[PDB]
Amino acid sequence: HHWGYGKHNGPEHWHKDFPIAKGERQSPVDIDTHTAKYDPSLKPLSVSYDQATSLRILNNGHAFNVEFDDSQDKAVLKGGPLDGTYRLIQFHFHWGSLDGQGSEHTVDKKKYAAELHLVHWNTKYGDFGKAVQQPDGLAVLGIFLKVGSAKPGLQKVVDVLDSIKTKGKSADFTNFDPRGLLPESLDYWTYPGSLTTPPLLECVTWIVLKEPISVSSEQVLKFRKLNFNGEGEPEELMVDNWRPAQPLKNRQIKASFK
């Protein structure tokens, strides 16, 4: 009876195994754009993805995950609200059963069809597993997806999904360039928060871009053909693998713009 996204093991259940679910800095949150504080001391985000090395794509039963070689400073995030250097380890998405839902963060209560998370770990902690035990261990870049025109830079990912349909499948996935998933503007909101799946650790500096990318209906439809179950276990479509917004508590969301 492990955690998942259903009636009996979904987000409202998670606190029984992971009591930090009700903690002081949980994610996602609603971004109320009118109360976010402009901070003119926030630096432009530095996203340096030229040397990224993707390795593999994996269905873990919760999402699909594009993993990168993080054994050197290739693809890194710095600047913005960050002190020091954070290394890209992987990305993944959360999405809906319908185009009207699927994002984790919301903007003035608006849900997007999906949300991309590019996960990076602070190189002061030497690897990802040590970094998640620290208050400033991760920086997650979150990008919203709306359904409209196709994102051409997403298509390589979409086309390999049928090869990892079920829980525990991987595939080699080399030479994927994550710059193809970024919108034009790096204007962002930032706040202190957590992982959005168990173990829900409060180790994340969240950076959420204001500008969504658009993807086509066909591209998100293909995300919804994945399965939460393993091969030869009964079919459960991988849809609605998002956690709802959690109480902001004693936090202020900062804006890099306007």
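In case it trips you up, residue 1 is the first one in the sequence shown, and so on.
According to the PDB record, 6 to 14 carries the higher mean C-alpha B-factor of the two stretches 20 to 28 and 6 to 14.
For the two regions 107 to 115 and 165 to 173, the entry's Cα B-factors average higher over 165 to 173. Of the candidates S41, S194, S217, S214, the one whose C-alpha carries the top B factor in the deposited record is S41. Annotation for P244: CA B-factor lies in the lowest third of the chain's modelled residues. Residue-level temperature factors show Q72 in the highest third of its chain, judged at the C-alpha atom. Sort the chain's modelled residues by C-alpha temperature factor and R56 lands in the highest third, per the entry. In the deposited entry, the Cα temperature factor of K37 places it in the highest third of its chain's modelled residues. Per the deposited record, the Cα B-factor of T85 falls in the highest third when ranked against the other modelled residues of its chain.
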